[PDB]
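Contents: one structure, followed by commentary.
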Amino acid sequence: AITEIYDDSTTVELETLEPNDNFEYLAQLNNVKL
Amino acid sequence: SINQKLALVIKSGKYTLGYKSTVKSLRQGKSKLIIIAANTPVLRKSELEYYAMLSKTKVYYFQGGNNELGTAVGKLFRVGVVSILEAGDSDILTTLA
Amino acid sequence: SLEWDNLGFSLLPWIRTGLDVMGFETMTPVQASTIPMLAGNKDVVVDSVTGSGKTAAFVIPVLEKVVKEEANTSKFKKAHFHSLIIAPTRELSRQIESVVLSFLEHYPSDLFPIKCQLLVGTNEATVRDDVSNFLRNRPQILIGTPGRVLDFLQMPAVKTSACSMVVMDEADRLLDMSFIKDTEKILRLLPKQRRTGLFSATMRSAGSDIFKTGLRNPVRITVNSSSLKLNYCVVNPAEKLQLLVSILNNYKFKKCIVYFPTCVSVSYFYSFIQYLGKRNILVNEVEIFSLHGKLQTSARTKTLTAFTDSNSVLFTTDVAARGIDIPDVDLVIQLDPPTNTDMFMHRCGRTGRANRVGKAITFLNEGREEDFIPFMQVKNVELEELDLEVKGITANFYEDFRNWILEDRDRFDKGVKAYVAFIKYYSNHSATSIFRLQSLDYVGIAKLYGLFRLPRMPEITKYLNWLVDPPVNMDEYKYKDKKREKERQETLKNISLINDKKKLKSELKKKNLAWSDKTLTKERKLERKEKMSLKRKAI
Amino acid sequence: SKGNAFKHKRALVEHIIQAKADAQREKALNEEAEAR
Amino acid sequence: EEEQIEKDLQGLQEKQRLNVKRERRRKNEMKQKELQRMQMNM
Amino acid sequence: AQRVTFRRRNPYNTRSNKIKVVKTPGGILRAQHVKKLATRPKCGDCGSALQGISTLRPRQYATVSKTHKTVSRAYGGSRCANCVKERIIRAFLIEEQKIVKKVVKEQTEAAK
Ligand SMILES: [Zn+2]
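Protein chains in written order, with the working numbering: chain A, 112 to 145; chain B, 5 to 101; chain C, 263 to 801; chain D, 13 to 48; chain E, 1275 to 1316; chain F, 136 to 247.
Next comes the structure, spelled out in structure tokens:
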């Protein structure tokens, strides 16, 4: 979540999204194995 | 790492997973790099090696089996060979990997 | 900075020239935060207020990607396209196409041209004409509604393999439960490795359904800023139309958009209000139009372009609610609250551009009106109550409606059909607690439509006949149309035959029900025992 | 249905239609409860 | 009259909560099952 | 309801003699000995049934034409298609590797 402010006092919020949840699941499995 | 670059290519670039798609892209000359797992059969691996030699396409030997390569791609099914048509937002081609 | 010159990727000279000729004097925050990323290997999910440069925000990256991927060259193949754009309504897609054409006006010559094609359901062009001129003209941009673009892509003459850019405008509406069936197929046909741009003013509502589109590398974007007034009136339903009249001939406006629930209601009330204006019930320089989505496409386009072009009132369904922008619209009336509340903000959102003085009004049924206002309040919408006197209803309004219905049986049929359609529309209502079928004023609504008999419905029988105390027989009711008058008289002369056909159908349905022989046996036993007790108790 | 959830065709049809209604309604359920 | 609204609101909220818990459990189970199937053929 | 038995010398329930019951034009139920069914020819590399080749007894092949027991491709009637394709690819790749090894050897003793 990154907020950017312009000259009109209007802010834009930009957040990256993760469509493939498998990356997190494999990462958590590897972390618990570690 | 090397898996991060592959994941970046999957998310942003252009790619083909599987032997048939990789061979088709090599025939069309649309491939920039081919990643080959260590689990691939010797005949198909040798045919891919000969095809890459014919088409002058870079070859990288993945350090793992087909399911490790699939997980690196982010898929829950085994993939034996991957072809990178366009790196996109990643830098796998620049780093010679 | 909001300056075109200091953007990341140095927009093409002809796109810059088109922007300068069109103007905008700068780039909006939406166009500042979306164009750099939608052309930079990132999918885009954009939520922004109406009329904030969103259309150009997804049109400029489309042209940039088309030029970048060498789509405008002789190397590009035939029967292939590059970019697709989808919108839920035909007018919105045509407006997007007009914007793209305006941008391509300044496209330089001496190079392979870039063209667009609009694929909407029309009665002036079959899908095969679309395929023919797609093959002949070879465009790289397709813009259209889900149905006709699905039909177009399903034709074997069109190849989708070279597509690399999909844009969905009003993406919350296209991922709705109704549209998801078509959009799933449309995205199924197209290649998965692509760049997707979803743009909608209520993109947050389609929460987890955005991943159904197939986003790869997405970045959600939220843009936020009394422009307009939001009022409501709580009145008896039978007076509602009269109140509408009392607004049309008294309030000050240049354009008033009046929303109706159904299309048949639009036509029926348009005809009745025209009849009232014939008798000079309302005296003003008002021109009244009707525009619902079941018309032929050419008629819809002609009506919309006549209304857009002096004080005008529009009777429209939810087709015009979302997306399209008619300038100089002052008043918006929602004769009923919408079936879904998410569209409410769109229906009253046609006004307030650049903080213009515009008013929105809504009508309530007096029964469960205590639940709609807090429901909007929880959703951060404040509705200030407005008190409007019901002028001119001293006598004969429902009587006038009734005696106008008695002139032509077609008017009776249209009225009853509209009432039944509204009842079905109310049946499919979200927020069930707020809008209850039991608490619905069936008699009030029937009085609103000028009917004199409640149609046979399960709702009428259960939750609740002749509104006019001296009943009128249908036998002496004349259809007033010569071709159908003889058909009605023939059917009347065949009353017993059709009745017996239905009787035989009913008996055959009885014999085909679950274990019908056993049911007849049980009825025999019950009838024997009951008819025995009916005399044994008395004796 | 492989797990003995439905005992006959009527149960399957009723489950289908009830699932359709509940899918129609959950989206407004939250604000519907918050308002009260 | 209002008892029906309260009753079906509470019932369907309870149904949604149970559905959320059940869907989380089912997703975890199916994910583990397909991972085990992938790693089982060797 | 009429009972039938073997029509030959063997009285035992052996795989050699098996009985079916048929109604003759005389209106009676009678036994009939059934021969052993034929077996589909199998590929000599993978053991799968060969496609396009008739299934007959060993001695019934001598009385049919060659097109009923062969396939027009090389090794047709002996090996299936995928095995032949694998043989071709493997032979070509082996020859190419032999060429490469010979070139490398010619280079490596070219030093002295
Ligand atoms: Zn074989």
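Backbone N, C-alpha and C define an ideal beta-carbon position, used for all residues, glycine too.
Start and end residues, alpha helix (DSSP H) containing residue i
{"i": "residue 691 of chain C", "result": "No alpha helix (DSSP H) holds residue 691 of chain C; DSSP gives it neither H nor E."}
{"i": "residue 289 of chain C", "result": "Where residue 289 of chain C is concerned, there is no enclosing alpha helix (DSSP H), given that its DSSP letter is neither H nor E."}
{"i": "residue 638 of chain C", "result": "631-640"}
{"i": "residue 876 of chain C", "result": "Since the displayed chain C opens at 263 and closes at 801, residue 876 of chain C lies outside it and no answer follows."}
{"i": "residue 23 of chain B", "result": "23-32"}
{"i": "residue 432 of chain C", "result": "Run containing residue 432 of chain C: none; DSSP gives neither H nor E here."}
{"i": "residue 457 of chain C", "result": "Premise fails: residue 457 of chain C lies in the beta strand (DSSP E), 457-462, not in any alpha helix (DSSP H)."}
{"i": "residue 525 of chain C", "result": "525-540"}
{"i": "residue 268 of chain C", "result": "First-last for residue 268 of chain C: undefined, no H or E at that position."}
{"i": "residue 218 of chain F", "result": "216-243"}
{"i": "residue 261 of chain C", "result": "Outside the displayed range of chain C (263 to 801) lies residue 261 of chain C, so it cannot be described from this structure."}
{"i": "residue 451 of chain C", "result": "442-451"}
{"i": "residue 90 of chain B", "result": "Here residue 90 of chain B belongs to no alpha helix (DSSP H); instead the beta strand (DSSP E) covers 85-90."}
{"i": "residue 1283 of chain E", "result": "1276-1314"}
{"i": "residue 367 of chain C", "result": "Counting along the chain, residue 367 of chain C falls outside any alpha helix (DSSP H), and DSSP gives it neither H nor E."}
{"i": "residue 76 of chain B", "result": "70-77"}
{"i": "residue 628 of chain C", "result": "Per DSSP, residue 628 of chain C belongs to no alpha helix (DSSP H) and is neither H nor E."}
{"i": "residue 795 of chain C", "result": "778-798"}
{"i": "residue 761 of chain C", "result": "757-773"}
Extent of the continuous beta strand (DSSP E) run through residue i
{"i": "residue 594 of chain C", "result": "593-596"}
{"i": "residue 470 of chain C", "result": "Unbroken run through residue 470 of chain C: none, as it is neither H nor E."}
{"i": "residue 251 of chain C", "result": "Because chain C spans 263 through 801 in this model, residue 251 of chain C falls outside it and cannot be assessed."}
{"i": "residue 588 of chain C", "result": "Neither: residue 588 of chain C is in no beta strand (DSSP E) and is coded neither H nor E."}
{"i": "residue 577 of chain C", "result": "573-578"}
{"i": "residue 404 of chain C", "result": "403-406"}
{"i": "residue 347 of chain C", "result": "345-348"}
Within chain B, partners of residue i - CB distance below 8 Å
{"i": "residue 221 of chain F", "result": "47"}
{"i": "residue 225 of chain F", "result": "47"}
{"i": "residue 228 of chain F", "result": "47, 50, 51, 54"}
Heavy atom of ligand 1 within 8 Å of residue i beta-carbon
{"i": "residue 214 of chain F", "result": "yes"}
{"i": "residue 187 of chain F", "result": "no"}
{"i": "residue 179 of chain F", "result": "yes"}
{"i": "residue 182 of chain F", "result": "yes"}
{"i": "residue 218 of chain F", "result": "yes"}
DSSP bridge partner residues for residue i (one or two, in chain order)
{"i": "residue 480 of chain C", "result": "C:305"}
{"i": "residue 167 of chain F", "result": "F:155"}
{"i": "residue 491 of chain C", "result": "C:621"}
{"i": "residue 49 of chain B", "result": "Bridge partners of residue 49 of chain B: none, in fact."}
{"i": "residue 518 of chain C", "result": "C:575, C:593"}
{"i": "residue 63 of chain B", "result": "B:38"}
{"i": "residue 378 of chain C", "result": "C:403"}
{"i": "residue 113 of chain A", "result": "A:125"}
{"i": "residue 43 of chain D", "result": "Beta-bridge pairing links residue 43 of chain D to no other residue."}
{"i": "residue 184 of chain F", "result": "F:177"}
{"i": "residue 18 of chain B", "result": "B:90"}
Amino acids of chain B, ordered along the chain, whose beta-carbon sits closer than 9 Å to that of residue i
{"i": "residue 478 of chain C", "result": "14, 15, 16"}
7 Å Cβ cut-off: residues of chain E touching residue i
{"i": "residue 695 of chain C", "result": "1279, 1283"}
{"i": "residue 82 of chain B", "result": "1312"}
{"i": "residue 71 of chain B", "result": "1312, 1313"}
Amino acids of chain C, ordered along the chain, whose beta-carbon sits closer than 8 Å to that of residue i
{"i": "residue 143 of chain A", "result": "Chain C residues near residue 143 of chain A: none, gap ~26 Å exceeds 8 Å."}
Listed by chain order, chain A residues near residue i by CB distance under 7 Å
{"i": "residue 78 of chain B", "result": "131, 133, 134"}
{"i": "residue 428 of chain C", "result": "Per Cβ cutoff of 7 Å: no residues; residue 428 of chain C is ~15 Å from chain A at best."}
Contact set between residue i and chain D, taken where Cβ atoms lie within less than 8 Å
{"i": "residue 641 of chain C", "result": "43"}
Where residue i meets chain A, residues with beta-carbon distance less than 8 Å
{"i": "residue 11 of chain B", "result": "134"}
{"i": "residue 298 of chain C", "result": "By Cβ distance, chain A contributes nothing, its closest Cβ being about 11 Å from residue 298 of chain C, past 8 Å."}
Partners in chain C for residue i, counting only beta-carbon separations shorter than 9 Å
{"i": "residue 92 of chain B", "result": "303, 479"}
Any chain G beta carbon closer than 9 Å to residue i
{"i": "residue 74 of chain B", "result": "The structure shown contains no chain G; its protein chains are A, B, C, D, E and F."}
Chain-ordered neighbours of residue i on chain B, where CB pairs are closer than 7 Å
{"i": "residue 128 of chain A", "result": "Ordered by position in chain B, no residue passes the 7 Å Cβ test against residue 128 of chain A, which lies about 11 Å from the chain."}
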